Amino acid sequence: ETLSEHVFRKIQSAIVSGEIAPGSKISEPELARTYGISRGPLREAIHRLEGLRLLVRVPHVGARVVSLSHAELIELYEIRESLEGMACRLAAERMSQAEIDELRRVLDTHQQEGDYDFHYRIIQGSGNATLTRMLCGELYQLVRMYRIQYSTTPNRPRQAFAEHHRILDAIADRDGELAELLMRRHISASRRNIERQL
C-alpha cells in the first residue's frame, strides 16, 4: 500500500471508533504532524474521507467530522435496507447448500459486539462483488460509528438473534421473497433501536 492509503485508514478508524469526536474540526496541520505526510497526500485522504460521508467539507473553514445526525441515519439505513434485503433475496437463490449450512454454524456460535459475520456471509452469499463493496466497504463504516456512539438496549442482542434465525430459515428454504422481507424488518428494528437515543 501507499502512504496516502495508510493515513486514510488510520484516520477512518479514528472516526468510526469515536477517537475523533463526531462533529470535530479536523486540523490538517496537527494531523500532518501526527502521521508525518505532506499536504498533497493528506488532502488526497480527506477528499476520499469526505466522499464516504465521514468528513464533511466547510467552505470557509475546512473539514469536519460528520454530524452523526438523525437525517444521516435515515439516509444510511435506507440504502442498507434496500441493499441488504436484496442480498438476502440473491443469497437465497445463489448460496450453495454448503454455504447455507456454514451460515447456521456461524449463527449457532452465539455496548454490544454484534453479528457482522452473519450479515457478511449473506452479502457474500449473494454472489455480487459490487454489493459487497458498497455494503461492507462504504456503508458499514458509517453504520459502525452509529452503533459505537449509541449502545443498544440490553434486550436488543436477544431480539436480533431471533431476527437472524428467521432470516436464516427463509434463506435455507430458498425463499428469497421472505428472506428479503425479514431482512428489511430487522434493518428497520436496528434503526429504531438507535433512534431510541438521540
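Throughout, we count residues from 1 along the sequence that is shown.
- According to the entry, the deposited sequence has 10 or more residues without coordinates between residue 110 and residue 111.
- The question of which stretch, 133-141 or 54-62, has the higher mean Cα B factor is settled in favour of 54-62.
- 158-166 and 40-48 differ in mean CA B-factor, and the higher of the two is recorded for 40-48.
- Sort the modelled residues of the chain by CA B factor and residue 172 lands in the lowest third.
- Residue 185 sits in the lowest third of its chain by CA B factor, as recorded in the PDB entry.
- Among the modelled residues of the chain, residue 15 sits in the middle third by CA temperature factor in this PDB entry.
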